[PDB]
Amino acid sequence: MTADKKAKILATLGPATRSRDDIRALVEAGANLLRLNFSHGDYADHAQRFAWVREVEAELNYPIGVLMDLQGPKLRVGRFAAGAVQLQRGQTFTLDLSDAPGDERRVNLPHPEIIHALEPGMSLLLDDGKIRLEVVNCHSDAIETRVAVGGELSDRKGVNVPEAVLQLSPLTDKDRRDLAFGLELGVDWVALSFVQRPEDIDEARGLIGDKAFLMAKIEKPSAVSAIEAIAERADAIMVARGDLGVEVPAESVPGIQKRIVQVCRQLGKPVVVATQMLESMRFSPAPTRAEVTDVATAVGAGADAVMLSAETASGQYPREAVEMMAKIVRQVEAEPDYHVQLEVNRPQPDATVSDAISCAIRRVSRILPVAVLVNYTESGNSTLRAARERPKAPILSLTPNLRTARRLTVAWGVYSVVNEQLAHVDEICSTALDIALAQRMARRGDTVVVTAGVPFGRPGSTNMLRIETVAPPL
């Protein structure tokens, strides 16, 4: 494995991927994680692709994580007798629970927990926000509305409510079946949809158990408001830009994205920027200038992971999509301004031993040419803290456990290597050092840094550091 780029690339798996060898090509182009979209495919396809990925992980011998993306609830409108009713601007329209076929005056909304708690003067978006509805006055059975934007409204079209926060669980009965199937498979990362309350993480975490880590998808304003809270209760955050763009002013979004990456980097939780990264590539072998800029912004904010969806899952050029993504990340890293750029975002360390060690690590790195930070853990949580600081040297996380390594694959600039636990810091000096020549990271004569827990026990914060030089293996 070569550390060409520190930012991570999660690549979706879909119909276009169709070989055990296809997955190998994607990671050979710098893809770090692999995503199975449970809104599509059937379990035979996922289970097949999952296994294909696990062959490649064993063949290359370096841990590559697998992320399973829950569909979440889908909020759709009822049926129309006409089928296509042409709604006109500024006219009154209602929607019931009852299955009255649509007549330009009323359609049903099968899911009634939307109807409850909707207040007058809230907007209602249909057909991916194409039409805006204004609620004039409500009842228990129906909502009277005024059309604020009109257009053809086909049946079973999609509904969005940006203002309201709904008492509805982000776990659908379909999502629960998906959860039991992916946990059985051995997925590492579960991405949760429709997150609007921090409590929604707890319900998913209880079902997940310690079997897998959980990532919260910021898709509603509801979540963005409570981002700080949500980011604390989960293991990582994914920004679905496209999906907010429905529920907020587009011009607002890059601000929200920019803000959220900050909240995550404060807490050290990995942050993933996703959706509309390089869509031009689905059909074209090179991106548009605008896209490269969109990517470079996300990479530059210091975000840990970037997600490619259609470009790899179903697309005429899925490898070169990754090839480009990696090249853009390398170009951002190449810029000398970028290293200084990150510095302002870097939260000043808190008065703890683990922060001080990481802080001391910075000074030592200015004074000496440090080729690798080599923090060693099993729980991952230390290497997460070592990554918060965003060092210029690559982290080489050493692992007595495969499960943590696959999860650490999302983390910023963290490269994980797996071996039998050796249990002692002063002993592992040679091992950590040899591992470096093993993973071909440091030349004979570079200096490396090792950090670990003090008693090699569950006591916390990894509070010792030790410089070592690779003297000539004559």
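So, how was this worked out
Residues numbered from 1 in each chain as written, not as in the entry; some residues may be left out. Heavy atoms only, no water. Patch = residues over 30% accessible without salt bridge, like charges linked within 9 Å, V, L, I, M, F, W, Y side chains within 5 Å. Areas by Shrake-Rupley, 256 points an atom, 1.4 Å probe, with all protein chains shown as cover. Salt bridge = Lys/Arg side-chain N within 4 Å of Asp/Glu carboxyl O. Helix = DSSP H or I, 4+ residues; strand = E, 2+ residues; numbered from the N terminus. Domains from an automatic or database assignment. 1 Å grid on protein atoms, 1.4 Å probe; cavity = no way out; pocket = protein on both sides within 12 Å on 5 of 7 lines; lining within 4 Å. Points joined across faces, edges and corners; volume = space filled by probe spheres on them. Nonpolar A, V, L, I, M, F, W, Y, C, P; charged D, E, K, R; others polar. Pairing = 2+ DSSP bridges. Axes fitted to C-alpha atoms, helices over the stretch in contact; angles between N-to-C directions. Contact = heavy atoms within 4.5 Å. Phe/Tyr/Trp six-rings, centres within 6.5 Å; stacked < 30°, edge-to-face > 60°. Buried < 20%, exposed > 50% of the residue type's maximum accessible area, 1.4 Å probe, protein only. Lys, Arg positive; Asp, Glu negative; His and termini not counted. Charge placed at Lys NZ, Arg CZ, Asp CG, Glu CD. Arc of directions from axis to C-beta. Polar contact = N/O pair within 3.5 Å; in protein donor to acceptor, adjacent residues only side chain to side chain. Parallel < 35°, antiparallel > 145°, perpendicular 65-115°, else oblique. Left-handed = near helix turned anticlockwise from the far one by under 90°.

What the deposited record gives as its method is X-ray crystallography, and the resolution it gives is 3.01 Å.

Which parts of the structure should I look at to understand a nonpolar patch on the surface?
On the surface, a nonpolar cluster with roughly 270 Å² of combined accessible area is contributed by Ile367, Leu368 and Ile467. Along the chain, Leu368 falls in the loop between helix 13 (353-367) and strand 17 (370-373).

Help me understand the domain arrangement of the chain, please; the structure alone is not making it clear to me.
It is common to report an interface's size as the accessible area lost on association of the parts. Along its sequence, the chain is organised into domain 1 (84-160) and domain 2 (353-470). Relative to domain 2, the C-alpha centre of domain 1 lies at a distance of 56 Å.

Could you clarify how one ought to interpret empty space enclosed by the protein in this entry?
Empty space among the atoms becomes visible once a probe the size of a water molecule is rolled across them. Following the criterion strictly, the structure yields 6 cavities of 30 Å³ or more and no others. Its volume calculated, the largest cavity comes out at about 110 Å³. What lines the largest cavity is simply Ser354, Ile357, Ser358, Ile361, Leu373, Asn375, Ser382, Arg385, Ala386, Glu389, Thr451 and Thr462. When contributions to the lining of the largest cavity are tallied by element, the ones reaching two or more residues are helix 13 and helix 14 (381-388). Considered class by class, the residues forming the lining of the largest cavity number 4 nonpolar, 6 polar and 2 charged.

Before we go on, may I ask you to explain the sheet that holds strand 1 (residues 8-13) in this structure?
Sheets are built from strands that pair by backbone hydrogen bonding, the pairs being arranged parallel or antiparallel. One closed barrel holds the 8 strands; their spatial order is 1-2-3-12-13-14-15-16, and the pairing between them is parallel. Taken pair by pair, the neighbouring strands of this sheet meet at an average axis angle of 25 degrees, ignoring direction. Relative to strand 13 (residues 213-218), strand 12 (residues 189-195) runs parallel, the two being bridged by 5 bridges. Looking at the pairing, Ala191 lines up with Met215 of strand 13. Contacts from helix 8 (residues 253-267) reach strand 13, strand 14 (236-240) and strand 15 (271-274) within the one sheet, and its direction differs from that of strand 15 by about 160 degrees.

Even after reading the chapter, I still don't get the packing of aromatic side chains, so can you show me in this structure?
A ring pair, where both rings are aromatic, is described by two values, the distance of the centres and the angle of the planes. Applying the stated rule across the entire model yields 5 aromatic pairs. Look at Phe38 and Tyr43: their rings are 5.8 Å apart centre to centre, the planes differ by 50 degrees, and that puts the pair in the tilted class. Overall, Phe38 belongs to the buried group, its relative accessible area being 2%. A relative accessible area of 26% places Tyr43 in the partly exposed class. Between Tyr376 and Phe456 the ring centres are 5.7 Å apart and the planes differ by 50 degrees, which places this aromatic pair in the tilted class. Within this pair, whereas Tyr376 is found in the loop between strand 17 and helix 14, its partner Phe456 is found in the loop between strand 20 (447-452) and strand 21 (464-469), the two being separated by 80 residues in sequence. Ring-pair connections join several aromatic residues into one group, and the members of that group are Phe38, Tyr43 and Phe181.

Would you mind showing me how to read the layout of surface pockets here?
Roughly 1,300 Å³ of internal volume is contained in the largest pocket. Taken together, 45 residues line the largest pocket, and the ones lying closest to its centre are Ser39, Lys74, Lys217, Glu219 and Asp243. Of all elements in the fold, only strand 1, strand 2 (33-37), helix 2 (43-60), strand 11 (159-160), strand 12, strand 14, helix 7 (241-247) and helix 10 (310-313) reach the threshold of two or more residues within the lining of the largest pocket. The leading source of residues in the lining of the largest pocket is helix 7, at 4 residues. In this structure, the second largest pocket encloses a volume near 560 Å³.

Help me out: how do you make sense of a positive patch on the surface in this one?
Taken together, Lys74, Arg76, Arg79 and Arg156 make up a surface patch of like positive charges. One can find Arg156 in the loop between strand 10 (151-154) and strand 11.

I'm lost on helix 1 (residues 20-28) in this one. Help?
Since there are 3.6 residues in each turn of an α-helix, residues three or four apart along the chain are aligned in direction. Restricting attention to buried positions, one finds in helix 1 the residues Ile23, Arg24, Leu26 and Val27. Taken down its axis, helix 1 places every buried residue within 160 degrees of arc, on the same side. Those residues of helix 1 hidden inside the fold are in contact with strand 1, strand 2, helix 2 and helix 11 (318-334). Its side-chain oxygen 2.8 Å from the backbone nitrogen of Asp21, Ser19 forms the N-cap of helix 1. Just downstream of helix 1, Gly30 is the residue with a positive phi angle, here 95 degrees.

Looking at this structure, how should I read the sheet that holds strand 8 (residues 131-138)?
The strand order 6-5-9-8-7-11 describes an open sheet built from 6 strands, whose pairing is mixed. In this open sheet, the two strands that pair with only one neighbour each are strand 6 (106-108) and strand 11. Bridging between strand 7 (residues 123-126) and strand 11 involves 2 bridges; their strand directions are antiparallel. By the bridge assignment for strand 11, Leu125 is matched with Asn160.

Whenever I open this one, the environment of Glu104 confuses me. Can you help?
Relative to the helices and strands, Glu104 resides in the loop between strand 5 (92-96) and strand 6. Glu104 gets classed as partly exposed once you look at its relative accessible area, which sits at 40%.

Just checking my understanding: could you explain the packing of helix 3 (residues 173-185) against helix 4 (residues 199-208) for this structure?
Describing two packed helices takes the angle between their axes plus the distance from one axis to the other. Contact geometry of helix 3 with helix 4 gives a least axis separation of 10 Å together with a crossing angle of 40 degrees. In terms of orientation, helix 3 lies oblique with respect to helix 4. The interaxial crossing formed by helix 3 with helix 4 has right-handed handedness. Residues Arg176, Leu179 and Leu183 of helix 3 lie in contact with helix 4, whose contacting residues are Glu203, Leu207 and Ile208. Taken together, the residues that form the contact of helix 3 with helix 4 break down as 4 nonpolar, no polar and 2 charged.

I would appreciate a short explanation of the environment of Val246 in the present structure.
When you line up the elements, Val246 lands in helix 7. Residues in contact with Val246, not counting those within four places in the same chain, are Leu125, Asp128, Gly129 and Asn160.

It is not clear to me how the side chain of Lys220 should be interpreted in this structure. Could you clarify?
In this structure, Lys220 sits in the loop between strand 13 and helix 5 (221-225). The exposure class of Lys220 is buried, given its relative accessible area of 4%. Within the structure, the side chain of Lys220 is placed 3.5 Å from the backbone oxygen of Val161, a separation counted as a polar contact. There is a polar contact of 3.4 Å between the side chain of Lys220 and the side chain of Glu247. When neighbours within four sequence positions are excluded, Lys220 is seen to be in contact with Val161, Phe194, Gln196 and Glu247.

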